[PDB]
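Text of my_file-v2.txt (compact mmCIF, N, CA and C atoms and all ligand atoms) as supplied:
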```txt
# COMPACT_ATOMS: atom_id res chain seq x y z
N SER A 1 -41.69 22.30 3.29
CA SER A 1 -41.90 21.28 2.21
C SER A 1 -40.86 21.42 1.08
N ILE A 2 -39.91 20.48 1.05
CA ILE A 2 -38.86 20.49 0.03
C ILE A 2 -39.43 20.09 -1.32
N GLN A 3 -40.55 19.38 -1.33
CA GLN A 3 -41.15 18.97 -2.58
C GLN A 3 -41.90 20.09 -3.28
N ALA A 4 -42.15 21.15 -2.54
CA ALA A 4 -42.83 22.31 -3.11
C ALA A 4 -41.81 23.10 -3.94
N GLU A 5 -40.54 22.97 -3.59
CA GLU A 5 -39.47 23.70 -4.25
C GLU A 5 -39.32 23.39 -5.72
N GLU A 6 -39.21 24.44 -6.53
CA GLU A 6 -39.04 24.26 -7.96
C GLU A 6 -37.66 23.64 -8.33
N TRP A 7 -36.66 23.75 -7.46
CA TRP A 7 -35.36 23.13 -7.71
C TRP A 7 -35.34 21.68 -7.23
N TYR A 8 -36.43 21.22 -6.61
CA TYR A 8 -36.49 19.83 -6.14
C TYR A 8 -37.05 18.93 -7.23
N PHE A 9 -36.20 18.10 -7.83
CA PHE A 9 -36.65 17.21 -8.90
C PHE A 9 -37.03 15.81 -8.42
N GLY A 10 -36.90 15.59 -7.11
CA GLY A 10 -37.28 14.33 -6.53
C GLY A 10 -36.60 13.09 -7.03
N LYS A 11 -37.40 12.09 -7.37
CA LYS A 11 -36.87 10.82 -7.81
C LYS A 11 -36.48 10.75 -9.28
N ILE A 12 -35.32 11.31 -9.62
CA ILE A 12 -34.79 11.21 -10.98
C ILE A 12 -33.40 10.61 -10.82
N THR A 13 -32.92 9.89 -11.84
CA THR A 13 -31.62 9.24 -11.80
C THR A 13 -30.46 10.23 -11.99
N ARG A 14 -29.25 9.77 -11.67
CA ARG A 14 -28.09 10.60 -11.86
C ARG A 14 -27.92 10.89 -13.35
N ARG A 15 -28.14 9.89 -14.21
CA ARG A 15 -27.99 10.07 -15.66
C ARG A 15 -28.98 11.13 -16.15
N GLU A 16 -30.20 11.08 -15.64
CA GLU A 16 -31.22 12.08 -16.02
C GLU A 16 -30.77 13.48 -15.55
N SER A 17 -30.23 13.59 -14.34
CA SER A 17 -29.79 14.89 -13.86
C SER A 17 -28.68 15.41 -14.78
N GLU A 18 -27.78 14.54 -15.21
CA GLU A 18 -26.72 14.98 -16.10
C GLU A 18 -27.27 15.37 -17.45
N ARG A 19 -28.27 14.65 -17.93
CA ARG A 19 -28.85 14.99 -19.23
C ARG A 19 -29.45 16.41 -19.18
N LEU A 20 -30.14 16.71 -18.09
CA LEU A 20 -30.78 18.01 -17.95
C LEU A 20 -29.75 19.14 -17.76
N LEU A 21 -28.68 18.85 -17.04
CA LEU A 21 -27.66 19.86 -16.74
C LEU A 21 -26.63 20.12 -17.85
N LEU A 22 -26.44 19.15 -18.74
CA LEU A 22 -25.47 19.28 -19.82
C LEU A 22 -26.05 19.96 -21.03
N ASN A 23 -26.83 21.00 -20.81
CA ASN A 23 -27.40 21.73 -21.91
C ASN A 23 -26.49 22.96 -22.07
N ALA A 24 -25.97 23.15 -23.29
CA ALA A 24 -25.08 24.26 -23.63
C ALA A 24 -25.55 25.64 -23.13
N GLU A 25 -26.86 25.80 -22.97
CA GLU A 25 -27.41 27.06 -22.50
C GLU A 25 -27.29 27.27 -20.99
N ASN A 26 -26.98 26.21 -20.25
CA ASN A 26 -26.88 26.34 -18.79
C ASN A 26 -25.58 27.01 -18.35
N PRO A 27 -25.67 28.12 -17.60
CA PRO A 27 -24.43 28.77 -17.14
C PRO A 27 -23.90 27.99 -15.94
N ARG A 28 -22.69 28.32 -15.50
CA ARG A 28 -22.12 27.64 -14.34
C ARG A 28 -23.05 27.79 -13.13
N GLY A 29 -23.20 26.73 -12.35
CA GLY A 29 -24.04 26.82 -11.18
C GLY A 29 -25.50 26.47 -11.36
N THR A 30 -25.90 26.15 -12.59
CA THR A 30 -27.29 25.70 -12.83
C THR A 30 -27.42 24.44 -11.94
N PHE A 31 -28.52 24.29 -11.23
CA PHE A 31 -28.59 23.18 -10.30
C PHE A 31 -29.98 22.59 -10.09
N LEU A 32 -29.99 21.46 -9.38
CA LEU A 32 -31.22 20.77 -9.00
C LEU A 32 -30.86 19.88 -7.80
N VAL A 33 -31.87 19.49 -7.05
CA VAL A 33 -31.70 18.59 -5.90
C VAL A 33 -32.61 17.41 -6.21
N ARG A 34 -32.10 16.22 -5.97
CA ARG A 34 -32.86 15.00 -6.26
C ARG A 34 -32.57 13.98 -5.16
N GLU A 35 -33.30 12.87 -5.12
CA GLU A 35 -33.00 11.84 -4.14
C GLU A 35 -31.72 11.14 -4.61
N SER A 36 -30.93 10.62 -3.67
CA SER A 36 -29.74 9.86 -4.04
C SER A 36 -30.23 8.51 -4.63
N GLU A 37 -29.50 7.95 -5.57
CA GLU A 37 -29.90 6.66 -6.16
C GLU A 37 -29.83 5.53 -5.15
N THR A 38 -28.84 5.59 -4.27
CA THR A 38 -28.69 4.51 -3.34
C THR A 38 -28.64 4.83 -1.84
N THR A 39 -28.38 6.09 -1.48
CA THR A 39 -28.34 6.44 -0.06
C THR A 39 -29.68 6.84 0.52
N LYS A 40 -30.29 5.93 1.28
CA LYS A 40 -31.57 6.26 1.87
C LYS A 40 -31.38 7.47 2.76
N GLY A 41 -32.38 8.35 2.70
CA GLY A 41 -32.37 9.55 3.50
C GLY A 41 -31.47 10.68 3.02
N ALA A 42 -30.65 10.43 2.01
CA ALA A 42 -29.78 11.49 1.52
C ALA A 42 -30.30 12.05 0.20
N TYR A 43 -30.08 13.35 0.01
CA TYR A 43 -30.46 14.02 -1.23
C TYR A 43 -29.17 14.23 -2.01
N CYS A 44 -29.29 14.71 -3.24
CA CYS A 44 -28.13 14.91 -4.05
C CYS A 44 -28.32 16.22 -4.73
N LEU A 45 -27.31 17.08 -4.64
CA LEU A 45 -27.31 18.40 -5.26
C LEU A 45 -26.47 18.23 -6.51
N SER A 46 -27.11 18.35 -7.68
CA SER A 46 -26.39 18.21 -8.95
C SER A 46 -26.18 19.61 -9.53
N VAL A 47 -24.94 19.90 -9.89
CA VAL A 47 -24.56 21.25 -10.33
C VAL A 47 -23.76 21.28 -11.62
N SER A 48 -24.09 22.20 -12.51
CA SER A 48 -23.34 22.29 -13.76
C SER A 48 -22.13 23.20 -13.55
N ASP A 49 -21.09 22.91 -14.33
CA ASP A 49 -19.87 23.69 -14.30
C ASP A 49 -19.36 23.79 -15.72
N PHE A 50 -18.39 24.68 -15.91
CA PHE A 50 -17.79 24.88 -17.21
C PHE A 50 -16.37 25.45 -17.06
N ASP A 51 -15.45 24.91 -17.84
CA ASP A 51 -14.11 25.46 -17.88
C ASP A 51 -13.48 25.04 -19.19
N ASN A 52 -12.33 25.64 -19.51
CA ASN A 52 -11.67 25.32 -20.76
C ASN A 52 -11.06 23.94 -20.75
N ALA A 53 -10.79 23.39 -19.56
CA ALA A 53 -10.21 22.04 -19.47
C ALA A 53 -11.25 20.95 -19.75
N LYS A 54 -12.33 20.99 -18.98
CA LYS A 54 -13.42 20.03 -19.08
C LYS A 54 -14.61 20.46 -19.95
N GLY A 55 -14.71 21.75 -20.26
CA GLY A 55 -15.87 22.21 -21.00
C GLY A 55 -17.04 22.10 -20.02
N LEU A 56 -18.26 21.96 -20.54
CA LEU A 56 -19.48 21.84 -19.72
C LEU A 56 -19.49 20.47 -18.99
N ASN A 57 -19.67 20.46 -17.68
CA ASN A 57 -19.64 19.20 -16.96
C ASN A 57 -20.51 19.30 -15.72
N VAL A 58 -20.72 18.18 -15.03
CA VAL A 58 -21.60 18.14 -13.87
C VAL A 58 -20.95 17.54 -12.61
N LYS A 59 -21.24 18.14 -11.45
CA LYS A 59 -20.74 17.69 -10.16
C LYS A 59 -21.94 17.33 -9.31
N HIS A 60 -21.76 16.33 -8.44
CA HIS A 60 -22.82 15.87 -7.53
C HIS A 60 -22.32 15.93 -6.09
N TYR A 61 -23.16 16.42 -5.18
CA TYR A 61 -22.80 16.56 -3.76
C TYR A 61 -23.88 15.94 -2.90
N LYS A 62 -23.50 15.05 -2.01
CA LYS A 62 -24.50 14.42 -1.17
C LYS A 62 -24.93 15.34 -0.01
N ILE A 63 -26.23 15.47 0.19
CA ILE A 63 -26.75 16.27 1.27
C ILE A 63 -27.31 15.30 2.33
N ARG A 64 -26.74 15.33 3.53
CA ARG A 64 -27.21 14.48 4.61
C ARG A 64 -28.27 15.22 5.42
N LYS A 65 -29.17 14.44 6.02
CA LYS A 65 -30.20 14.99 6.88
C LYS A 65 -30.15 14.12 8.11
N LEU A 66 -29.93 14.76 9.26
CA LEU A 66 -29.86 14.10 10.56
C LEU A 66 -31.24 13.97 11.21
N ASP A 67 -31.44 12.91 11.99
CA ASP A 67 -32.70 12.75 12.73
C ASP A 67 -32.66 13.88 13.76
N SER A 68 -31.43 14.24 14.10
CA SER A 68 -31.12 15.31 15.02
C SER A 68 -31.50 16.67 14.42
N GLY A 69 -31.89 16.66 13.14
CA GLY A 69 -32.37 17.88 12.51
C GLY A 69 -31.65 18.61 11.41
N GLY A 70 -30.32 18.60 11.43
CA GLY A 70 -29.60 19.37 10.43
C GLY A 70 -29.41 18.76 9.07
N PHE A 71 -29.30 19.62 8.07
CA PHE A 71 -29.02 19.26 6.67
C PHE A 71 -27.61 19.79 6.40
N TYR A 72 -26.81 19.06 5.64
CA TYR A 72 -25.47 19.52 5.32
C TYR A 72 -24.81 18.67 4.26
N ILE A 73 -23.80 19.27 3.62
CA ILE A 73 -22.94 18.60 2.67
C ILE A 73 -21.72 18.27 3.58
N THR A 74 -21.17 19.27 4.27
CA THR A 74 -20.09 19.03 5.24
C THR A 74 -20.66 19.22 6.65
N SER A 75 -20.31 18.32 7.58
CA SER A 75 -20.81 18.36 8.94
C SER A 75 -20.48 19.64 9.68
N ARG A 76 -19.44 20.35 9.22
CA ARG A 76 -19.00 21.61 9.82
C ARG A 76 -19.93 22.76 9.49
N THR A 77 -20.75 22.60 8.44
CA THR A 77 -21.66 23.65 7.97
C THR A 77 -23.10 23.15 7.80
N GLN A 78 -23.89 23.25 8.87
CA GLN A 78 -25.25 22.73 8.89
C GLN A 78 -26.34 23.78 8.83
N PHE A 79 -27.52 23.37 8.37
CA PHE A 79 -28.69 24.22 8.22
C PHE A 79 -29.94 23.53 8.78
N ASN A 80 -30.94 24.32 9.16
CA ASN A 80 -32.19 23.79 9.70
C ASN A 80 -33.13 23.29 8.60
N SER A 81 -32.87 23.66 7.35
CA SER A 81 -33.71 23.21 6.26
C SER A 81 -32.91 23.12 4.97
N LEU A 82 -33.42 22.33 4.04
CA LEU A 82 -32.83 22.16 2.72
C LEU A 82 -32.84 23.55 2.00
N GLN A 83 -33.92 24.28 2.19
CA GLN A 83 -34.08 25.59 1.58
C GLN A 83 -32.97 26.56 2.03
N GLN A 84 -32.65 26.55 3.33
CA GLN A 84 -31.58 27.41 3.86
C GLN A 84 -30.22 27.00 3.31
N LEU A 85 -30.03 25.69 3.15
CA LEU A 85 -28.79 25.17 2.60
C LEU A 85 -28.64 25.70 1.18
N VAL A 86 -29.70 25.58 0.40
CA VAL A 86 -29.66 26.05 -0.97
C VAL A 86 -29.37 27.55 -1.00
N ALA A 87 -30.01 28.32 -0.11
CA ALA A 87 -29.78 29.76 -0.09
C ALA A 87 -28.34 30.09 0.26
N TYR A 88 -27.76 29.38 1.22
CA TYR A 88 -26.36 29.64 1.63
C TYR A 88 -25.38 29.40 0.47
N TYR A 89 -25.55 28.26 -0.22
CA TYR A 89 -24.69 27.90 -1.35
C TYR A 89 -24.95 28.71 -2.61
N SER A 90 -26.00 29.53 -2.59
CA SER A 90 -26.28 30.42 -3.70
C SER A 90 -25.45 31.68 -3.52
N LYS A 91 -24.83 31.84 -2.34
CA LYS A 91 -23.97 32.99 -2.00
C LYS A 91 -22.51 32.57 -1.79
N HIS A 92 -22.29 31.35 -1.32
CA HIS A 92 -20.92 30.91 -1.06
C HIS A 92 -20.58 29.71 -1.92
N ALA A 93 -19.45 29.77 -2.61
CA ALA A 93 -19.06 28.61 -3.41
C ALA A 93 -18.48 27.56 -2.45
N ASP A 94 -17.73 28.03 -1.43
CA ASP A 94 -17.05 27.16 -0.47
C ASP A 94 -16.33 26.03 -1.23
N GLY A 95 -16.69 24.77 -0.98
CA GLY A 95 -16.03 23.67 -1.66
C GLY A 95 -16.71 23.20 -2.94
N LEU A 96 -17.83 23.81 -3.30
CA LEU A 96 -18.57 23.42 -4.51
C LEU A 96 -17.90 23.91 -5.80
N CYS A 97 -18.23 23.28 -6.92
CA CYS A 97 -17.63 23.69 -8.19
C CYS A 97 -17.96 25.17 -8.57
N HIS A 98 -19.05 25.70 -8.01
CA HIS A 98 -19.53 27.07 -8.27
C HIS A 98 -20.68 27.34 -7.32
N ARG A 99 -20.97 28.61 -7.05
CA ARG A 99 -22.13 28.92 -6.21
C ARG A 99 -23.36 28.55 -7.05
N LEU A 100 -24.45 28.19 -6.39
CA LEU A 100 -25.70 27.85 -7.09
C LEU A 100 -26.24 29.14 -7.72
N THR A 101 -26.60 29.08 -9.00
CA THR A 101 -27.10 30.24 -9.72
C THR A 101 -28.58 30.16 -10.11
N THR A 102 -28.93 29.31 -11.06
CA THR A 102 -30.34 29.22 -11.43
C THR A 102 -30.80 27.78 -11.47
N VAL A 103 -32.09 27.59 -11.29
CA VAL A 103 -32.69 26.27 -11.30
C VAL A 103 -32.62 25.67 -12.70
N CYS A 104 -32.23 24.41 -12.77
CA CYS A 104 -32.12 23.72 -14.03
C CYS A 104 -33.46 23.69 -14.76
N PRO A 105 -33.45 24.12 -16.02
CA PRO A 105 -34.67 24.12 -16.82
C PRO A 105 -35.08 22.68 -17.12
N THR A 106 -36.37 22.46 -17.28
CA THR A 106 -36.92 21.17 -17.67
C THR A 106 -36.64 20.91 -19.18
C1 LIG A 201 -25.29 12.34 -4.13
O1 LIG A 201 -25.69 11.74 -3.46
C2 LIG A 201 -24.16 12.07 -5.10
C3 LIG A 201 -22.91 12.65 -4.68
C4 LIG A 201 -21.68 12.36 -5.31
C5 LIG A 201 -21.69 11.49 -6.43
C6 LIG A 201 -22.91 10.96 -6.96
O2 LIG A 201 -22.88 10.23 -8.16
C7 LIG A 201 -21.75 10.40 -9.03
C8 LIG A 201 -24.15 11.25 -6.29
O3 LIG A 201 -25.34 10.74 -6.88
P1 LIG A 201 -25.90 9.36 -6.47
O4 LIG A 201 -27.35 9.30 -6.92
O5 LIG A 201 -25.10 8.23 -7.04
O6 LIG A 201 -25.82 9.36 -4.92
```
Here is a file; write its structure as structure tokens.
Amino acid sequence: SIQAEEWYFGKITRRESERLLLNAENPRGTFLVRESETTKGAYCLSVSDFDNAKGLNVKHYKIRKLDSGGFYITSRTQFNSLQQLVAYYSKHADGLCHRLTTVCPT
């Protein structure tokens, strides 16, 4: 159950995800997963970042889910569940702006 997950914010808008993530107290990698605004069946991983060029900012990554079963951001790297995907990206930055660190505070 992905809805049981504390990092799953469900049906919130992209603007709302940015409002929650653009809090000065959020370190790099603060994140949440929400439904995509327009892609049916896809989730969206919203992640905070920070650098001297952009300062505090937010990145969004589409998470696909196949009827065939797998969840992924890139088709080359798939998982059996959204939870496993989140766990993998909490250890590997790979192509993301930062590895996932802590769940976005309400
Ligand atoms: C996720 O689906 C996603 C990925 C990349 C960019 C955006 O919006 C900027 C995004 O959020 P969405 O709700 O528009 O799909």
| field | Coordinates-based distance that separates atom CA of residue 38 of chain A from atom CA of residue 100 of chain A (Å, one decimal) | value | 23.8 Å
| said: Give me, as a ChimeraX atom specification, the set of residues whose atoms come within 7 Å of any atom of ligand LIG 201 (chain A), counting only N, CA and C atoms and all ligand atoms. | reply: /A:13-14,35-39,42-45,59-63
| request: List the residues sitting within 8 Å of (-24.4, 27.1, 3.7) in the file's frame, using all atoms listed in the file, as a count of residues only. | output: 14
Skipping near chain neighbours, those fewer than 2 positions away, what residues fall within 6 Å of residue 28 of chain A using only N, CA and C atoms, listed as a CSV table (one decimal) with N, CA and C atoms, keeping the file's coordinate frame?
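The result, stored in part00.csv:
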```csv
chain,number,residue,atom,x,y,z
A,26,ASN,N,-27.0,26.2,-20.2
A,26,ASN,CA,-26.9,26.3,-18.8
A,26,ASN,C,-25.6,27.0,-18.4
A,30,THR,N,-25.9,26.2,-12.6
A,30,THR,CA,-27.3,25.7,-12.8
A,30,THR,C,-27.4,24.4,-11.9
A,48,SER,N,-24.1,22.2,-12.5
A,48,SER,CA,-23.3,22.3,-13.8
A,48,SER,C,-22.1,23.2,-13.6
A,49,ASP,N,-21.1,22.9,-14.3
A,49,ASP,CA,-19.9,23.7,-14.3
A,49,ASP,C,-19.4,23.8,-15.7
A,50,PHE,N,-18.4,24.7,-15.9
A,50,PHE,CA,-17.8,24.9,-17.2
A,50,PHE,C,-16.4,25.4,-17.1
A,101,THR,N,-26.6,29.1,-9.0
A,101,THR,CA,-27.1,30.2,-9.7
A,101,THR,C,-28.6,30.2,-10.1
```
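Residues in contact with segment 15-20 of chain A at up to 8 Å, not including ones fewer than 5 positions away on its chain and judged by only N, CA and C atoms, are residues 26, 32, 46, 47, 57, 58, 59, 104, 105 and 106 of chain A.
Using only C-alpha atoms for every distance, the candidate list A:66, A:94, A:10, A:53 yields A:66 as the residue closest to residue 81 of chain A.
Backbone DSSP of segment 5-104 of chain A yields helix (DSSP H, G or I) at residues 14, 15, 16, 17, 18, 19, 20, 21, 82, 83, 84, 85, 86, 87, 88 and 89 of chain A.
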Write a file of the just-selected residues containing N, CA and C atoms, as a JSON list (two decimals), in the coordinates of the input.
```json
[["chain", "number", "residue", "atom", "x", "y", "z"],
["A", 14, "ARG", "N", -29.25, 9.77, -11.67],
["A", 14, "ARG", "CA", -28.09, 10.60, -11.86],
["A", 14, "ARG", "C", -27.92, 10.89, -13.35],
["A", 15, "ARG", "N", -28.14, 9.89, -14.21],
["A", 15, "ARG", "CA", -27.99, 10.07, -15.66],
["A", 15, "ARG", "C", -28.98, 11.13, -16.15],
["A", 16, "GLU", "N", -30.20, 11.08, -15.64],
["A", 16, "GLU", "CA", -31.22, 12.08, -16.02],
["A", 16, "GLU", "C", -30.77, 13.48, -15.55],
["A", 17, "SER", "N", -30.23, 13.59, -14.34],
["A", 17, "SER", "CA", -29.79, 14.89, -13.86],
["A", 17, "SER", "C", -28.68, 15.41, -14.78],
["A", 18, "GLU", "N", -27.78, 14.54, -15.21],
["A", 18, "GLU", "CA", -26.72, 14.98, -16.10],
["A", 18, "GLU", "C", -27.27, 15.37, -17.45],
["A", 19, "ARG", "N", -28.27, 14.65, -17.93],
["A", 19, "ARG", "CA", -28.85, 14.99, -19.23],
["A", 19, "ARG", "C", -29.45, 16.41, -19.18],
["A", 20, "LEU", "N", -30.14, 16.71, -18.09],
["A", 20, "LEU", "CA", -30.78, 18.01, -17.95],
["A", 20, "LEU", "C", -29.75, 19.14, -17.76],
["A", 21, "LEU", "N", -28.68, 18.85, -17.04],
["A", 21, "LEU", "CA", -27.66, 19.86, -16.74],
["A", 21, "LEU", "C", -26.63, 20.12, -17.85],
["A", 82, "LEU", "N", -33.42, 22.33, 4.04],
["A", 82, "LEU", "CA", -32.83, 22.16, 2.72],
["A", 82, "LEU", "C", -32.84, 23.55, 2.00],
["A", 83, "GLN", "N", -33.92, 24.28, 2.19],
["A", 83, "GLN", "CA", -34.08, 25.59, 1.58],
["A", 83, "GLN", "C", -32.97, 26.56, 2.03],
["A", 84, "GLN", "N", -32.65, 26.55, 3.33],
["A", 84, "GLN", "CA", -31.58, 27.41, 3.86],
["A", 84, "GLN", "C", -30.22, 27.00, 3.31],
["A", 85, "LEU", "N", -30.03, 25.69, 3.15],
["A", 85, "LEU", "CA", -28.79, 25.17, 2.60],
["A", 85, "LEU", "C", -28.64, 25.70, 1.18],
["A", 86, "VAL", "N", -29.70, 25.58, 0.40],
["A", 86, "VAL", "CA", -29.66, 26.05, -0.97],
["A", 86, "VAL", "C", -29.37, 27.55, -1.00],
["A", 87, "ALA", "N", -30.01, 28.32, -0.11],
["A", 87, "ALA", "CA", -29.78, 29.76, -0.09],
["A", 87, "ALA", "C", -28.34, 30.09, 0.26],
["A", 88, "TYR", "N", -27.76, 29.38, 1.22],
["A", 88, "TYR", "CA", -26.36, 29.64, 1.63],
["A", 88, "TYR", "C", -25.38, 29.40, 0.47],
["A", 89, "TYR", "N", -25.55, 28.26, -0.22],
["A", 89, "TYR", "CA", -24.69, 27.90, -1.35],
["A", 89, "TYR", "C", -24.95, 28.71, -2.61]]
```
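In this model, the gap between atom CA of residue 52 of chain A and atom CA of residue 102 of chain A comes to 21.2 Å.
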| Straight-line distance linking atom CA of residue 23 of chain A with atom C of residue 5 of chain A, stated in Å to one decimal | 20.2 Å
Would you compute the box with edges along x, y and z of the file around segment 61-66 of chain A, including every atom the file lists for it and 5 Å extra on each side, and give its centre and edge lengths in Å to one decimal, as AutoDock Vina command-line options?
```
--center_x -27.0 --center_y 15.3 --center_z 3.0 --size_x 18.4 --size_y 12.6 --size_z 26.4
```
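Nearest residue to residue 56 of chain A, choosing from A:33, A:24, A:68, A:80 and counting only N, CA and C atoms: A:24.
Using only C-alpha atoms for every distance, the candidate list A:51, A:25, A:67, A:6 yields A:6 as the residue closest to residue 103 of chain A.
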| message | If you run DSSP on the backbone here, which positions in segment 7-80 of chain A get strand (DSSP E)? Please write them as a PyMOL selection string. | response | chain A and resi 8-10+31-35+43-51+55-65+71-72+78-79
